Each structure stands twice: as C-alpha cells, then as structure tokens.
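J.: sharing an experimental structure here, sequence included.
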Amino acid sequence: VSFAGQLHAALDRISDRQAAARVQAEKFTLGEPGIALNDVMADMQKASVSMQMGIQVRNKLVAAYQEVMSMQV
Amino acid sequence: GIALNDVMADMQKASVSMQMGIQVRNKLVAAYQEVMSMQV
Amino acid sequence: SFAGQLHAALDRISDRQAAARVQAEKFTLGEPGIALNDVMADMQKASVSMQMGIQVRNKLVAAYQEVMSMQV
Amino acid sequence: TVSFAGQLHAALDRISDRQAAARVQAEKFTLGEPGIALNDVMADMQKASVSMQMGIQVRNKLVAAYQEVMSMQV
Amino acid sequence: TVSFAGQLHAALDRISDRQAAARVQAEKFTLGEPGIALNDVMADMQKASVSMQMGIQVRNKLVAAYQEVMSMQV
Amino acid sequence: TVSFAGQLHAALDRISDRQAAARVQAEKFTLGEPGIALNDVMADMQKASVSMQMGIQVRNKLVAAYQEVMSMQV
Amino acid sequence: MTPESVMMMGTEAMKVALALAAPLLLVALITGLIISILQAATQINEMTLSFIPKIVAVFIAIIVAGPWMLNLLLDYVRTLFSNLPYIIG
Amino acid sequence: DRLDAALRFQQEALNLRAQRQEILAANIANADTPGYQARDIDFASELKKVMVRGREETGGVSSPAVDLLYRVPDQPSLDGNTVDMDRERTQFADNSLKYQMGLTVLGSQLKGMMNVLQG
Amino acid sequence: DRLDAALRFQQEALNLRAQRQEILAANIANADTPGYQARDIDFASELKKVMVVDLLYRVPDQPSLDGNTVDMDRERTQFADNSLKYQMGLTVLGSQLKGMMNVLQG
Amino acid sequence: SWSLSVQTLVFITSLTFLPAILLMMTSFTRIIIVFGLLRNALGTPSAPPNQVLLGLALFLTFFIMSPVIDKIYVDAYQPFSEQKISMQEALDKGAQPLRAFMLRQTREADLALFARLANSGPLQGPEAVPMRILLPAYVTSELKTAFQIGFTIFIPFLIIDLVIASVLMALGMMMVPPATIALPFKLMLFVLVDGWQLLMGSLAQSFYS
Amino acid sequence: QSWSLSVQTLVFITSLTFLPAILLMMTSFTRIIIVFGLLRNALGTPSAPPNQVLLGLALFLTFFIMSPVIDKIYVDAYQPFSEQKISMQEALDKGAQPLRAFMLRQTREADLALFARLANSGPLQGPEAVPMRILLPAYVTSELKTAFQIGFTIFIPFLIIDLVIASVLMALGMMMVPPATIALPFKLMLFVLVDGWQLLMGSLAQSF
Amino acid sequence: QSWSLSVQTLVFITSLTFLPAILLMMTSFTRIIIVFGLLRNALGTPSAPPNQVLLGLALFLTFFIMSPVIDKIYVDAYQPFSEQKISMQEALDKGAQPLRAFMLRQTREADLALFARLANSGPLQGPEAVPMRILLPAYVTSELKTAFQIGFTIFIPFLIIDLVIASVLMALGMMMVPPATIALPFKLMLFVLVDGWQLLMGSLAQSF
Amino acid sequence: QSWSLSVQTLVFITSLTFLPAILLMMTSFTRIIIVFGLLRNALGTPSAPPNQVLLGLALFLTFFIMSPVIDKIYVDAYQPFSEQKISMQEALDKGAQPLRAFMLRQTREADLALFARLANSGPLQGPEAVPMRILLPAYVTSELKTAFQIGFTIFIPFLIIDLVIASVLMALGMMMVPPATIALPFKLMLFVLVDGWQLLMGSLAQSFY
Amino acid sequence: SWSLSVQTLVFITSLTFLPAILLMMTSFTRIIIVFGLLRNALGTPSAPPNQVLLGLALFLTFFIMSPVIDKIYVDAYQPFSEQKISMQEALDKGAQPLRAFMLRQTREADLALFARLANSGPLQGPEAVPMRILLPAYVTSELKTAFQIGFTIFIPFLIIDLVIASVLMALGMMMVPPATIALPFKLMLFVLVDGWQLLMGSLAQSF
Amino acid sequence: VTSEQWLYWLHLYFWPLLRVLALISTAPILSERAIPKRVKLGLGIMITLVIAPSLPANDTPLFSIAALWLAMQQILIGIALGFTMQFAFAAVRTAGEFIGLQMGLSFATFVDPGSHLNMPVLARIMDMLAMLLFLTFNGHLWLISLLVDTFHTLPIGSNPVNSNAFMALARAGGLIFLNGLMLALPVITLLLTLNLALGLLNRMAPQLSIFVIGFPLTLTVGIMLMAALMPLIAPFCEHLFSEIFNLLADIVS
C-alpha cells in the first residue's frame, strides 16, 4: 500500500523463500522420502540469488538516503 | 514477470535521475543564498 | 578566445564519446572488422577524457568561487 | 640558496624518468628484444606506479596546505 | 616526563624493527641459509604487514582528529 | 536502569568469549586431546569470524552516526 | 501563552530597562540643565564645558546606585529563567 | 527522456541477450528429447525490430514477440532432433561473453554519468 | 545466541555424519575380526535427539562361519553415501555462512 | 519470523537512521535550538566550541530520555533478546513509548492541522492518531517551543544593550559602540545568575511538565 | 579473564574516535580556548592572531597542564598494561582515577548536585562515588562558568581604556571622532607593556 | 636502526600533513601576517588589499627570511640523507639544530623560563639542551609580543594625521564634520610618499 | 626529455589550483579591484555597486588588458603544444616570458632591488636575467603602491565637494547640519555628469600602458 | 548534437554562473543600487532588511524580464521540443532576446570604449556586437542609470532636509539637529504621496 | 513481480518535496539558521510523505527542460510565499528602527551613513516580540496549510502564468512602509512635540541646550512611552498577518 509496506512485503517474501529452501534442505538431510537433491540445490541457489538482490536494493536505498540527507536546505 | 535485467536498469536510472535532481537543486539553492548573502 | 578554446575541448571530448559509443553499437550488431579489445580501449579512453574534463571544470569553478568571495 | 621550485622540478623529473624508462623497456620487450625479461618489466612498471602514486599524494597534501593557508582572514 | 612524540617515535621504531627483521629473514632464506623455514618467513612477513597497517590506521585517526580540532572557529 | 556502556561491554564480552572458546577448542584439537572434531573446530572458527564481522559493522555504523552528529553546527 | 501574557512580560521587561536607565539619564540631565542655567546666568557659552561634569556625575552614579541595578537585573533574569517552563505553549 | 533514450540501445541488447540465452538453455535441456528441432533467433534483426517498435508479448502463459527460427541440422539422427551439442555450447559461451560485454558497457555508461553528477 | 540457533541444525547434522562415517570405517577395518558385529546408528533419530549416541546392530545378510556379520557391499555403499552427505552438509553450511557474511560486508 | 540473514540485514540497515531518530523523534532538537539561540544572544558566536555544546546536549538528552529508553528496553528489547518476541514485533512494541512521549509534548493545533492535511477521518481520541500524523506535529511543536524559549531568553541580553546605549547617549558619547561595552556586562550577568544551572533546570522542567 | 586480541584491537581503534571529544570536554582545552577567544574580542580586533596559532598554543598549554595527570596514567595504566600485567578493562578502570581527580578538583558543587538530581542519584556518600557519566557534564558546566568568569574580568582594562579615551575626546570637544579607532593602538600598547601574553598564560596555568 | 622504506614514507607524509603548523609556529610567517593585518586596520581601509595578496606577500617574505635556515638544513641534514649517507632519524635530528637556533635567537628569556617552570623541567645548562616542546610555545609567545609591539608602533603616524586633521576641522567651528572622510585620502598619501610598502617589508626583514 | 603523459596531467591539474594566485599576483586584477574598493569609499556609499558586480567588472577589464599578453602566450608557446612541436617543460619556459616582460614594465626598480638584496642574489646582468622569485613580490609591491596612488588621486573631487558643501552650510549659521548626507547626492551628480565609470576604466587601461 | 553526459556536465557547470547571469545580464544591479541609494536617502541604513530589498529587486527583475523570458520560450523552449532547432544553435537563438535587451539598455560610449579596448575595428553593424564587448559596457551603463535614478530620488529628500533646517534656523534654534525633526516628515511625505508604487512604476517604465 | 517501479515513486515524491523545501528555506521561523539543516530536510520529507500520495503523479522525465521549468515553478512559489510572509516582520523592524532612531540611540548614522556603527536594538526587540506573537497565533501551521492548498489552485504540472501579479508582491513593498508608519505614528508624534518643546527652550538664552539636556530627557521619554505602547502592537500584529495572508490568497491565484 505504501513504500514502507512494499519494503516489508519484499523482506517477508525473501525471508519466506529462504526459510522454505532451508526447511526443504533439512527435510532432505532428515532422510524423508520424496525430496530430491536436485530440488534442494536449485532452491538453495534461488534463495541465494534473492538474498543478493535484497542486499543490492538495501545498498542503493542507503546510498540514496545518504545523498538526500546531504542536500543543502 | 519482470526480470533482473529490467529491474536493475530502471533502478539505476531512478538513482541517476534522483542524483541529477539533487545536484541541480543544490546549485539553485547555492545561487539563491549567494544572492541573498549580498550587501546591497 | 578562452570560451572558444573551452568549446573546442568540449567538442573533442564529446567526439571521443560519440566515436566510442558508435563503435560499440556497431560491434553489438555483429558487424565485422571491429574487435573487442579496440572497443574496450576506446571506451576507457573516452572515460579518461571525460574525467579530465570533469576535473578541469571542478578546478575552474573552485577558482571562480574563490575569486568572487573576496572583500573588494 | 635552496629553492622549493627546484626541488619540485627535480622530483617531477625523477618520476617522469622512471616512467619513461619502464615504458621504453616494455616497448622493447614487446618488440621481441632478447635481453629483457618479463619479470623485470612488470617490477619496473609497478615501481613507476608506486613513485607516481607517492607524487600524487604529496601534491594532494601540498594543495591542502596551500588552500588552508590562503583561506585565512589575516 | 611523558612525551607523546616519544611514544610515537617508539611505536614507529618498533614497526621498523619488525619490518627489518622480516626482510632480513626472507633475505637469508633466499640465500639458502640452513635453519630457516618458509612457514615462519611467511608468518613474520604477515605480522609485519599487520603492524604496518595498524600504524597506518593510528596515523589516519590522529591526523583526522588533528584536522577536526584545528579547523574550529575561535 | 539500562546502560549503553554496559550493553556495549556485554556485546564485546559475547564476541570475546566466542572467539576464546573457538581458540581453546582449536588448542585442544592441535594438542591431540580426544573428543574434538575437525569440522566442529572449523565451524566454531567461522562462527567467531561472523560474530567479529557483526561487531565491526556495528562499530562502523555507530562511528559514522557519531561523526555526522558531531560534525553538525548549532 | 496568551497574548496578554506576552505583552505583560514585554512591558515588565521594558519597565525594568527604564528603572535600570533612569538614574543615570536623570543625573546626566540634571547636571546638564544646572550647567546650562549657570552658563546663562554668567553669560558664558562654550559647548564643551557642559560635557565635563556630566561624565563625572554619571560615573559617580554607578558608584552609589550600581549595586542596586546589579541586584535588580539579576533578580529579573533569575525569575524569568525560573518561570520559563511555565509560560510554554 | 534524454537519459532513457541514451541508455535504451544497450539495455534492449542486454534484454535480447537474456532471451536468447533462455532459448539456448531450452535447446540444451531438450538435447536428448526425440523430435525436437533446435530453435534460435537472429539477434541483429530482432534487435533493430525491438528498437524501432517497442517490446511486445504474445500473451501475458506469456512469451516475447521474437521470431523463433529453426537451426539447420548438421547431420541426421534417428530420434529426430537437430540439437547439435557443439553448436549449442559454442553459442552459449558466445552469448555469455556478449551479455557480460553488455553489462560492462552499461555499467561504464552509468558510472560515466554518476561521475558528472558528482560535485 | 541467535547465531547458534540458525546454524545448530547443520552443525549437528555435520557432526553426526562424521560420527557415522567413523563408525562405518570401523566396520570396514574390522571386517576380518571373527565375532565382530557390524554396528551403525540411525541418523534421523539421533539427529532428533541432539537437536531437541546409541549404536544399533546391523541385520546380517549372509551367515559366515567365523561370526563376522560385516558385509562389504552394503557398508561400501553406505560409506560412499555418508561421504556425499557430509560434502552436501559442508556446502549448505558454507552457503549459509557466506550469505550471513555478504549481508554484513559493505 | 524472518530468516537470520534478513534479520541481520534489517538490523544493520536500521542502525543507519540513528541521527534521524535523534533529530526528529528526540528531545535533542529543542535541546540544541535553545543553545544556538543563547550563543547568538551573548554576542560570542563561537565561545563554547560547538562540539562542547553538542556533547552537553547529548548528555542532557540521555538524562531526559531515560524513562522512555527504560520502558522500551523492559517492554521490547528484553523479550526480543530472550527469543520471546519476534524481530518484526519488537519494533512495534517499542515504538509505543516513544510515540507517547512524542504526544505528551506535541501541541494540538499541529495535530488538527496534520489530521486535516492527510484527509484522514475524525480522530475522536489520541489513540487513533497514527505515526504519520504525530511525527510532523511533534516536530513543529518542538520547533515552536524551542523558539519561544529562545526568544524569551533573548530579552535580557537586549535590555542590557538598550540601557548601555541610552547611558552612553546621555553623556554625548555618540561615537562609542555599545556592543563592545555590553558584551562584558552580558558575560557578567550570565556568570552571576547561575547562567547554566538555571538554564539546564529550566529546560529539563520544560520537558517534564 | 581477558578480552581476545581482536576485541582489544577493535576497542582500541574505535576509542581513538573520541579523542577530540576527550580533549574538548574532559581536559583544559575548553577553558583556555574560550579565554583566548574572549581576549581577542577584548583586544578591539576580532581576528588579529589566526585561529590556527591560538589552537596550537592552547593545545600546548593543555598538554603542559595535564602532564602530571598523563604521567600518573602512564605509571598506573599504560605501563603495566603494555607489559601484559593487567587486562585492558582493569587498565582503563585504574587509569580513569587521576583524570577523575583532576575533573573533581575543578568541579562546582552545584553542578554536580544538579546533575546527580537529574540522574536520580540518592545516597551518594564519598566524593569517590560519583560516576563518570555524572561527573563529566558537571565538569563541563563548571569549566564554562569559570571561563566566563575569567573572560569578563579580562575585558575590564580595555573597557577602562575605551571609556577614558572617549571621555577625554568628547570633553575636549572632538565628539565626531570614533573613539575605538584611536583606542586600538593604546590597547595594543597596554597589552605589550604588561606582557599580556606571558602573564595570561601564567594566570591560566595557575587557575588549576 | 634505519627505518624501513615504508615507515620512512609514512613518516614523510605524516610530517607533510603538519606543514601549515610548522609555517605558522616555527617560521616568521605569523609575525609578518599580524603586522600586515594591523597595518591594514591602521589605514582605515579594512578590505583594500585582499587577504590572498597579503598572504602571498607574507609567504614570499617568510621564504626569503628563512632561506639561510633552509640552506643550512639542506647542506647539513637533507643532502646526506638524499645521498643515503645518513638515516632519517639522525637527518631529522641534525635538521632540528639550525631551526632551533633561529627560534632561540628570536625568543624572550622570560617566556622560556615561564614554560620551563610550568613544565617542571630540571635545570638546563645553557641553550644547548632545551626541548622543542619547551621552545615552540615560548617562541610563539615571543612572536606574538613582537608583532603587537611593531603594530602598535606603526599605528603612530596615522594617529598623528587623524589628530591634526580633527583639530584643524574643530578649530574652524565645523562641529558635525567627521574626520575619517578627510583623513583616509591623507593616510593613503602619507603611506605612498614614504614608500611605505617596501620600507615596512624591509623593516620586517631587518628585525629578523 | 619530454615528461610522461601521467606527469603532464598531474602538473597541469596541480597548476590549475593556482588560478586565483596567478590572477592576483601576476595580472592587472590587483590594481583594479583595490581601486574599486577605494572608489566606493570616495562616493560616500560603502554599499555602492555590489561586491560581485565590481569583481566581475574587474575580471573583464583584466581580460581586456591582458589580451595582448594572452595572445602572445597562445602564439609562441601553446600553439606548438597543441600542434605537437614542443614539450610541457619547454612550453612553461617559453610562455612565461611575455608575462614576465609585462610584470617587469610595471615593476618599480626600488622594490626589485629590495627583493634582490633580501634574496642575496648575485649581480643580475640585465632585466632579462631577473628570477621570477624576485620579480613576483616586487611586482605585487609596486602594484599596491600604484593602486594607492590612483585611489588617493581619485579621492580629490569628492573631498572638494565635501569641503565646499560644509563651508556653505557653516557660513549660513547652519552648524548643526551634517554635511555628509547633503553632499552624497552631489557626489552622485559629479560621478554621473562626468561619466565617472567609463572615464575611470579608460584611465586605468591607459595607466597600464 | 554531442554526448548526453557532456550536455549534463555543461548544464550543471552553467548553473553555477546563475548569480553572474542575474547581475551582469539582467537589470538586477539597477534595482539593487536604486534601493540602496533610496535607503541611504531616508537616513535609515537598516530600516528595511537587506533580504527584503534583495527579494523585491528579484521580483521586479522577474517582471521586467517576463517579455524576454517569453521571447526565449517562443524561440528556444518550444522549438527544442519540436526539434526543428536544437542544441547550441537553439541556445544562441534563445540568447538573442537578451542581446536585443542589452543593446537597448546600453549606451554607445561604453560599447565604443570596450571595442577600442579589444582592437575590434571592423565592428560596423549594431546587431553583431560580441558578448565580450557587450557585457561590461551594459554593466557600466546600468551603473550610470542607477546613479542617475538615485540622484533623482535624492532631490526631494534633500529639499525636505534643507527646508526643515532653514525653518529651524529662522525660528531661532541654532543647536537642534534637523535630522531628528526631518526624519518623520520624510516618512510621512514618502507614505502620503505613495512613493513606493510610483517608484516601481517609473522603474518599469525606465526599462 | 518484485517490480517496485522507481520512476513513478520518484516523480510522485520529488516535486512536492521541491515546493515544500522551497517554502521551508524562506518562510520565517522555519528558515532561521538556528535550526539544523537535517531537521528542515526531514520536516520537508515527512510533509511530502504525508501529502504526495493524494496528489496526481506527474510523468515528465527528470532529464528534460520541462523538469527544469517545473523546478523553477516550485522554487518561485515557495520563495514568493515565504517572502510575502516575511514582509510583516520587515514592517515591524522598520517601525522599531524608526522609534529607536528618533530616540537618538544611533546618532552616528546621520553623520556617517552606513559606517559600520549601527545598533537598532529597538528594532530587534520588536522583531523578536513579533516572532513570539507569530508563534502564538500559529502562523507557521497556516503557512504549511496554504503551501498544500496552492496545489488545488496551481497544480504541479506546468501551468501558464500572469504578470501584474508579480507587481503585487513587489507592490507589497509599500506595506512595509505604510503599516510601519501606522505603528510609529502615535509615539513619534509625541516625541516630535517633545523636540518642539526643546526648540522652545533653545529660543531662550542661546546655546546651553540640546546635546546636553535634550538627549537624556528624550531617551527616557521614548523608553517609557513605547513601554506603555507595547500592548498596542498585538492588534496591529494580527492586522499585519491578516493583510499578508489575504494578499497572498488573492494574488497567488
């Protein structure tokens, strides 16, 4: 609804993806049937990419905030 | 859906446009304060 | 005079940038006879020239501000 | 009578001479000259880069000092 | 009788002795002197680098602090 | 009664005891004492490294905030 | 907070200023008038001899009433700073 | 407008590189599927087409408006697929390097601009 | 510490894999001892127990005359599988630590 | 809850905005403006080398915001550190005591104005005011209070100059600058009436009243 | 018990950021710099000696005044810490003592009482119970008050010269002259014939 | 004992950082700058010569005055160091001696005694062993006093001119005519006729 | 013998910082602005034209005065530099000579002799062998003296007007009338009718020749 | 058309000289000098703040440049969008109204002096005066015009001061300073005739 | 998904920020240098955060001359509002300085105009009293509200503009004088009479009066007169604020 709401939604989505990948990895390590190593490894890959995207967005956002707070008034 | 190629490119533009706006406003404000700091 | 020399320098820098951009554009389409190393070298030379122009502008602006701040 | 301008000119000439020697050696090595080795070329280039960086830093400190001194209110 | 210049001189000298000791150890190992091990050579070189970086950081902090103190309007 | 200095001391203690615990585990594993596993040694060392990086980043943010607050003019 | 309070504190402030400045100004005025009437009686006219006793009189005025002014102004400032957090809006 | 127009060629070329690599990865994935003709796109013609007329989609299941052309097979196969692995891996590596080149050019231009907006 | 809670599962899995690897290699080494029983642990149950060791005897397949119940093929496959899973656990733990690191680097 | 990587990222990012919290959500602002105005009043635009005033203001703010920080720690930081309250709920729990302090000092007129500017519905009680309305209302109230305090501070230091100029003018010394004479007397006044203890106590009461 | 060496390095290099703050708030730099600024204002010329010279001179004066405290800290904290005989935290606690005594000796009672009132302090007892976070602001307030007390009486002779010259000039008749213009050389004469700089340094040092 | 090369360049850059402080507190820059500012104030023209012009003039005059000291440092200290004859420590120690001698030549014994007694230094036999930490503040104070003396003396002819023009205007009855407007052109004429600029620079150089 | 490109760029950018110093100590600017600083005092209005207007007018006048010197530098030195027929060192050596001649022709011999004696320089055979370290401060000194001469001469007609107005005011018994406010409009009259600004700039330009 | 980055560099660089453009190219100097002289006339050098005078001069400058701004909009702002003309040629076309204005407000003597200061012999036509010769001449002409307007403003206040002093002297007073008496009368004359609005009307008419 | 279109948010949050910050840097009390710069920037940012989502977003690119025209428009609106508000304090300062000059407080201006020796202490007194009154009447809130309201009258999008309107603000320069006299008309008048009275004393025995008896008497009389006149400014203060506000409302449109 708002910018803070959108950022919170993005953080929740990224954390949920990471938790899903971690839970599937723990389930595979547990020995439970039906969980394939292919899916585990691909989901870990996707979670890493999403984390890196979030890190880049945070870096820029902080840079833009620092730029604005340097604006002369 | 939208891919990283588009997301990153628009993100960078927006950063560039915001920096341009900040610099232009800073120049305008500096000129105004130099004018008003005059001595008549 | 001085404005003419500044205009000539700016024109040379922009011609550098335009040549590099056009060469990279032609190479992107797959046109033959343009090599990657030449494209990268031209891009870096254009960047160096533009940075030199930026630095010269900064020094000139600082000098003008310092001169105009004197107490007559 | 020691003059600072003379010392600055000497330092600039030394930096330029080192850079020119490294550039000439690299050019000769590229042209297939026998009595020049790659490790010497790279080491000389790195030494020239270090010297020029030292010159740049000294110039920056000198400019900062000059701009601080000339900004006084007497 | 505590002089800050004295302590700075002591720290600078200690860094210099560490660097010189590492340099001499590497020198001797290169000349093939028995009794010198490569692992100790590399470890002492890295310790010398750590000491020099610590000196660099201390100098940076001191110079910054001096410039902030020295630029106030009296 | 909260104490920011007390909280910083507690955090620094947490980091230091984590590092010391990892170091002592490596000590015992090098000495050959049974019951210590190499993977546990490496994992504890990496955990200590992560904790120290946490501390370094918090230090950077706090120092930057303090400097920006103290660089302001009233 | 109310404009009545603002104007009351301003008026009291400037009456304090009047009380602080009235002895010195009045002493100077009386000395000048006395010297002027003496000049008129004696038919003497130089614009500089009226400036001489005025300084001495005004400087004596600080000797005699100076402590009173210093005690009044400090009391005013003390009360103003103490009542500052009760006239906030 | 001006900044958008100046950075539009390399951005569109990089997007087309991404789509071409998606197609090449699809060809590599289906390399053992019987009865699969390898697909590829003409990069230059499609790039000029996307610049003159903006990007468009068939639906939006969604897919680009690019023309998926068939690659000429090298040698016959009984199963009936024309995915020759040498061609696929050469085009994959070439597209990889060209995408990295596009990233380098675009990043250089954007820094070349932040340098100016840097006072 | 919260950092321990995030990395507790993978550390315990890695340690359990190392212990079971040692047990399997002990089974391989003592293949020729007459009267030696092949022992093993149930990985999932012990992982539950540590997160919230006991050795279980392996069911013999072929009856030998010297009382040795160690089977080469079964334990060789288990040894290779445990090596693979140890590598996978190392990979996952390293990825988690590297992510926690790139979050901080800046 | 969020993954530990996300929690660390959010914590590190939130550590950036500390000056913003100090300036726009804390007592620091009306603890400074008064200092700047007083320095303008005494005629010594440098005197207490800034940094000195900033340190004094920081210590004053730390002493003043102590109950709010204590309430935040006991209600939000303690349960969060003991893994009883998630990271996304500790922030919401701790934003309430700061919001209440921000209200105890924020005037009304500002609240009504910023409730009207947002086109929000009627706010029958203070419990319906969101942070988006309280933040700038609190900022404006703090600015107005600081300026009121400074402008009543300014009066005696101008009174002294007025009487000095009048006394100088009585004797005909029309070419004597009054500021040079008034500055030592202004310093003498600020020495005599416990210049700083009274100001410190007045500011502290101005917060707790 | 002792901190790890990495923790020690982190704390040590982070603490150097508060060096200007320590020098300003905790040492004698504030009083000397305020007195010097007030003296320039009192000389009739606002920027005769450049700020750089005054800042360096104040730094040297602060070092000379605090040398006994620095020696006590070195004997108590720095030397036994560097020889690896005490930990870092205990060294800091031991070294905070002479600086605490120096800060207390120049602290006004009213300042300490007020800042203990604002910090909810109840039964304080021995002068050796005041915490650092309470002692520091009281010391700063006392230093500001003392600097103002010194400055307003440094102002006195120059006001005397100004008033005497203005009175003589106007009583003589030349009321159109600016008295400050004629007075400035005489202010310089008074400052140089009294040895104003040397005596001012002597007084500033003796003030402790 | 010789510092390694990286330590040497670290010392060199850190010392180059302190260049303005050395110029202000060890050379003759401060006295010339103070005298120039006082002279500008004395002519009634507070901003006629721009600050940069006077700063450049003071820098050139300082370079000319300190040329013998720089030559001594080059010949005795820097030249052997540049030919690798002596290390950096001994080169710096040898280079300190000419600059100290110059600073001791232009200091007052009373200020040296004040700073020695303040720093609790033991008895020092002769000028040979006086620490730089003691000599630098004393030299700065002596330079300040000498600069104020020179400025106050310079203030005299313009005071004579102002007084004589004010008296001439007053004896004519011109009660409301300010004397500054008439005095400023005559101050300029007086300074021009006596060849004021070169004479004052020569006097400043001769006093060193 | 030529410097490397990196060293040339470093030297050029470093020398770009000395532009205000070169302008003040080497060009006509010092004589112009100083005279303006006095002219606004003679007219009785310290406000006068704004400071920036006078500074820019002085800059334009300086450029017009140094147009011949700039042209000679461009022809003799910078043109071979752009057309690759000279190095940076030789260009620096050659381009300064016309500027050195320009500085020398406005340099009083007494100041030059003073700075020689003060540098303990050997016997200079002829003007051509004068070092720049000796020519620069001597030129600045002579520049200041000439500017003060021009300013004092400028101060004359306004002094005439002030004296005449004051004498007229006092001869009528109007002793209590300050003549400065009355004489200011007549000073403006004098500067307007005679075309003071154009005449002054023409006089300055001719003075430099 | 040259590179976009170079265009950005040039634009931000030219943004710095905005005070120079306001002072040297527009009329701002004239109004500011007129305001300063008028303030000096009333005898109160700090009655309206310098900030207020600067802002009033800024508003007057904006109105009196509004026709030139409109011509710039027609010749430069609009065709730069339709791309019939663009870049430096359009910049020169947009600067042309500024010349025309500065040619209108510049005297011939200043232009002649600054031409003979630049050895520009063949400058025959009057619409091809270079900027280097046009700018300082325009500034000097503005200074002369502002001083003339200031003297014209000075005349009535000087008359009032003289009249007040003469009546004081004729009435027998020889010691009363006439400035104190004449100040409120100066103000009541300035307000009653509504000096300010007629002054701005004349300045607008003064072009 | 994961779009977060940045250009839309930037164009929505930029121009209102430009206008709000332009008002902030010039509006009285909100433009005083004592406020730290970051506080002003944060106040502008938060006000824009509250206001902008309700406004229609503009789509003109930041890399166009249209963006420059928009920025110039916002700066003009903000500075016009702030300056029109500042005119009232200018008028109060004028009245105070004139009362002080008739006090004879700074006599050196009559002999040396602008000679670095002037102290309008009464002008400062009534200036800060006027600032206190403006704070009491919550004028700054009104200013912020009107800054918001000028959108409905004049939207962010480039709109055509008028002329004599600028004159109005410039013609407001008359009010500073006119209303200024309205604040000084009583007291100065009586002071005038006092000076007239002093003239009657000088018509007696020559000299021996004025500069020796007139100055202290007139100083004390001015002091007590305008001390009694202090209660009078507040209705005039409200009158000045109302004049500025309705002139702004009428002319901005």
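T.: On my side now, so go ahead. Numbers count the residues shown, from 1 in each chain, chains lettered A, B, ... in the order given.
J.: excluding chain neighbours, what is closest to whichever residue of chain H sits closest to chain B?
T.: Residue nearest to chain B within chain H: residue H:117 (4.4 Å; CB to the nearest CB). The C-beta positions use only the backbone N, C-alpha and C, and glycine is treated the same way. Nearest residue to residue H:117, sequence neighbours excluded (CB to CB, 6 or more residues apart in numbering or on different chains): residue B:19, at 4.4 Å.
J.: nearest residue to the residue of the stretch 1-150 of chain O found nearest chain M other than its sequence neighbours?
T.: Residue nearest to chain M within the stretch 1-150 of chain O (CB to the nearest CB): residue O:111, separated by 4.3 Å. Leaving aside its chain neighbours, residue O:111 sits nearest to residue M:178 (4.3 Å; criterion: CB to CB, 6+ apart).
J.: residue O:59: neighbour count?
T.: When neighbours are counted by other CB atoms under 10 Å in any protein chain shown, residue O:59 registers 10.
J.: state the distance from it to residue J:28.
T.: 40 Å (CB to CB, to the nearest Å).
J.: kindly report the same for residue J:161.
T.: Separation of residue J:161 from residue J:28 (CB to CB): 31 Å.
J.: select the longest helix from the chain.
T.: Let's take chain A. helix A:37-69 (DSSP state H).
J.: look at chain O instead
T.: Longest helix in chain O, counting by DSSP H: helix O:65-102.
J.: report the angle between it and helix B:4-36.
T.: Relative orientation of helix O:65-102 versus helix B:4-36 (axes from the mean of the first three to the mean of the last three CA atoms, to 10 degrees): 30 degrees.
J.: in helix O:65-102, what counts as buried?
T.: Buried residues in helix O:65-102, defined by neighbour count with 16 or more other CB atoms under 10 Å in any protein chain shown: O:66-67, O:70-71, O:73-102.
J.: spatially central residue for chain G, please.
T.: With distances taken as CA atoms, centre = their mean, residue G:21 lies nearest the centre of chain G, 0.8 Å away.
J.: burial measure for the closest residue to residue H:6 other than its chain neighbours, as a count.
T.: Closest residue to residue H:6 apart from its sequence neighbours, by CB to CB, 6+ apart: residue N:4 at 4.5 Å. Using other CB under 10 Å, residue N:4 has 21 other residues around it.
J.: re the thing from before, next SSE downstream of the longest helix of chain O?
T.: Per DSSP states H and E, the first helix or strand lying C-terminal to helix O:65-102 is helix O:108-111.
J.: hey, C-alpha coordinates of that next one in CSV?
T.: Extracted C-alpha coordinates of helix O:108-111, given in CSV (Å, rounded to 0.1, in the frame of the first residue of the first chain):
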residue,chain,number,x,y,z
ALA,O,108,26.3,58.3,14.0
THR,O,109,24.1,57.4,11.0
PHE,O,110,23.1,61.0,10.5
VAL,O,111,26.8,62.0,10.1
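J.: hmm, the next helix or strand after it in reach of chain J?
T.: Scanning forward in sequence from helix O:108-111 by DSSP H and E, the next helix or strand is helix O:121-136. Yes: with CB under 8 Å from any CB of the partner chain as the criterion, chain J is reached by helix O:121-136 at O:121-122, O:124-125, O:128, O:131-132, O:135.
J.: which one of the residues you listed sits closest to residue O:28?
T.: Among the residues of helix O:121-136 next to chain J, residue O:131 lies closest to residue O:28 (CB to CB), at 7.3 Å.
J.: remind me, longest helix of chain J?
T.: helix J:131-170.
J.: swap in chain H?
T.: Scanning chain H for the longest helix, with DSSP H as the assignment, gives helix H:85-114.
J.: helix/strand/coil for the residue in chain H that chain D sits nearest to?
T.: Nearest residue of chain H to chain D: residue H:119, at 17.0 Å (CB to the nearest CB). For residue H:119, the assignment made with DSSP: H, G, I helix; E, B strand; the rest coil gives coil.
J.: neighbours of it, how many?
T.: By the criterion of other CB under 10 Å, residue H:119 has 13 neighbours.
J.: likewise residue A:39?
T.: For residue A:39, the neighbour count with other CB under 10 Å is 14.
J.: check the one 3 residues further on too.
T.: Applying other CB under 10 Å, we find 12 residues neighbouring residue A:42.
J.: not counting sequence-adjacent ones, nearest residue to the residue sitting nearest the centre point of chain O?
T.: With distances taken as CA atoms, centre = their mean, the residue of chain O nearest its centroid is residue O:86 (1.2 Å). In this structure, residue O:86 finds its nearest non-sequential neighbour in residue O:28, 5.3 Å apart by CB to CB, 6+ apart.
J.: got the phi and psi for that neighbour?
T.: Here is the backbone geometry of residue O:28 (degrees, to the nearest 10): phi -60, psi 150.
J.: contacting residues for it?
T.: O:82, O:85-86, O:89, O:131, O:134, O:140 (CB atoms under 8 Å, 6 or more residues apart in numbering or on different chains).
J.: quick check: it vs chain C, distance?
T.: Computed as CB to the nearest CB, to the nearest Å, the residue O:28 to chain C distance reads 27 Å.
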